[PDB]
């Protein structure tokens, strides 16, 4: 049993943020996607004749069981067609848990809804880099060996706002065993002394993307843990350095001088010759009145009457 602590898995973040224990309808969950996830399972059970308690039980079970986003593969766990067609054919972020009445693995399908899932924001120091090394940290709440990991990235055409994660959309970037190592004092995992850590060069994405992590046990039961991790690269601001023309080393003079281990934690855009704040509020109204299917076309200039 376990989950991704870095980059934090989708269900791990929903669990740690809380607000899901009470009120039972999940209205106390601050993150909107964690809330939708919860309320989808809650409303599903309500539709299927479950009581408020069975509905709040099924939804809280999805959040609480963040170390058990699992599926059993059996002894045939290396058979890729059996994983993709039988073990986890769909509901990948839920590790294919679709039955609220049956535990394990209950119903975790709420974790597969699409929308503005909160990502791990990784900043870019150079916007031209092809890959970004990420040191993954998988938190084992229960120690299991022998085992192996599989790390996937979504294809560049994936859209987290509208799409469900599918195998046809995932690119394998890591396959193999990850040895168990002692957690660092700064570890995001607080279960036991051990973690799984590995460095993966993550292909740079210009959009929010998903990292798929499968932790598979090499054993006849074939239990595997499947977790989705929402990530985004933040671009560096300013000119791309490779285009920056630097001035020659110069020494100037004249009566007018304007002629020549801790870090830091819109009226700035106004100048003496332009009021940006006023213009940009009018420019925002322009965007609203002149974009979309309901934009102004003729009504502001055309009058009509029935003959």
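Positions refer to the first chain, counted from 1.
Note how many residues of the deposited chain are left out of the model between residue 245 and residue 246; the options are none, 1 to 3, 4 to 9, and 10 or more. None; the chain is continuous from residue 245 to residue 246.
As recorded in the PDB entry, how many deposited residues are without coordinates between residue 260 and residue 261: none, 1 to 3, 4 to 9, or 10 or more? A long stretch, 10 or more residues, is missing between them.
If you take the mean CA temperature factor per stretch, which one wins between 245-253 and 64-72? Between 64-72 and 245-253, it is 245-253.
If you average the CA temperature factors over each stretch, which comes out higher, 30-38 or 43-51? That would be 43-51.
From 156, 110, 220, 201, residue of greatest CA B-factor: Highest CA B-factor of the listed options: 220.
Of the residues 140, 89, 177, 123, the one carrying the largest Cα B-factor as recorded: Spelled out: the listed residue with the top C-alpha B-factor is 123.
Which third of the chain holds residue 277 when residues are ordered by C-alpha B factor: lowest, middle or highest? Top third by C-alpha B-factor.
Residue 292, C-alpha B-factor rank within chain (lowest, middle or highest third): Middle third - that is where residue 292 ends up once the chain's C-alpha B-factors are sorted.
With respect to C-alpha B-factor, does residue 9 fall in the lowest, middle or highest third of the chain as deposited? For residue 9, the deposited C-alpha B-factor lands in the lowest third.
Within this chain, which third does the Cα B-factor at residue 79 fall in: lowest, middle or highest? Highest third.
Within this chain's modelled residues, let me know which third the CA B factor of residue 188 belongs to: lowest, middle or highest. Its C-alpha B-factor, which the entry lists for residue 188, ranks in the highest third among residues of this chain.
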